[PDB]
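Shown next as structure tokens: one chain only, the form deposited without ligand CTP.
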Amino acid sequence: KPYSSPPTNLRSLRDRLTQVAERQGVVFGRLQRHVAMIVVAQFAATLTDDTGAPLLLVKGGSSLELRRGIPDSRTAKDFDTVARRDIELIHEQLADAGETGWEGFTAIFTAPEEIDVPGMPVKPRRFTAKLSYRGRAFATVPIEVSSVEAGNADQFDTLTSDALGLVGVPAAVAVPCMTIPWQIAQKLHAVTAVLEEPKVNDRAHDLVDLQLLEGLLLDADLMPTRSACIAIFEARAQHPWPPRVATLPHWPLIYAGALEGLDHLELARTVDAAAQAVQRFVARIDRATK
């Protein structure tokens, strides 16, 4: 019943994914996207400095999916990371990792393209990973790499998934991820940000993620989060801490879309209630003391 040998080719891989997807009540395309993300995360995990510490930390929706699993996180598309040092050399190192491969997977990476974010000195970069399993194309993963901000790469959590073990690839998965205090700080900044006039803030989905991250902190002391928040809002030098969690007129349906598949969770069911919940969390963070 549990595959003893790894898949022999892509067809057997997809074949096995579809069976695991139905087996645990998940959409096939999501499980396959999840596996593609894990493969690229394992490439990233081979990148270390000369003391063995990670060079790349995962963040964004990929990290939330690793923390909570597929059923309890939003479906997200990209592989967002923070580069611990020198961003230009990350691409070359990933390309080498993908050429060497991991458990039969290989990757070719497209050229990095800068993107403008006013609050960051060094601009993030975006590119794509073209994944193949035993020579035959498998999936495509959008990748975003941003430079370190304050102490958001000082520490990392190490997360796992058994998805590849379920289709017969047993090699252990261990993914360094940006810690929750810094995820909260950056999402709070993004969801409360006022963009330059032409652009508009669409990030109502961050209201879902912030509720999920708050729940993941359980009873933890909020002082690390408060410090991280203060550090991000000051480094970025835009709107100050603590922010106001305002809702824009087009967010009701964007927030509703972000709830898709999460009916079983205890979440705010309207954007107003979501804004009120995240505003309470902001105040709870601000009250923390050493």
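Don't overthink the numbering: it's just position in the shown sequence, from 1.
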The stretch whose C-alpha atoms carry the larger average B-factor in the entry, 212-220 or 85-93, is 85-93
Avg C-alpha B-factor, entry values, 166-174 vs 200-208, higher side is 166-174
Listed options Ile254, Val26, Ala235, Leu57: highest C-alpha B factor recorded at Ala235
For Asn9, the third of its chain by CA B-factor is the highest
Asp116: C-alpha B-factor third of its chain, per the entry, is the highest
Binned into thirds over the chain's modelled residues, the C-alpha B-factor of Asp72 lands in the lowest
Here the Cα B-factor of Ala21, set against its chain, lands in the third termed middle
Temperature factor at the Cα of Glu266, chain-ranked in thirds, falls in the middle
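Below, we turn to the form deposited with ligand CTP bound, even though it does not appear here.
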### Query
ligand CTP in the bound PDB entry: within 4.5 Å of a heavy atom of each of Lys77, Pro118 and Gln186?
yes
Picking from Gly61, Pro54, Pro243, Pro224, the single residue whose non-hydrogen atoms come within 4.5 angstroms of ligand CTP in the bound PDB entry is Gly61
Only hit among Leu212, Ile108, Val122, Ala190 for heavy atom within 4.5 Å of ligand CTP in the bound PDB entry is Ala190
- prompt: Does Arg203 reach ligand CTP in the bound PDB entry, with heavy atoms at most 4.5 Å apart?
  reply: yes
- Message: Can you tell me whether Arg33 touches ligand CTP? I mean in the bound PDB entry, with a 4.5 angstroms heavy atom cut-off.
- Response: no
Of the candidate stretches 204-212, 166-174, 93-101, 127-135, the one with residues having heavy atoms within 4.5 Å of ligand CTP in the bound PDB entry is 204-212
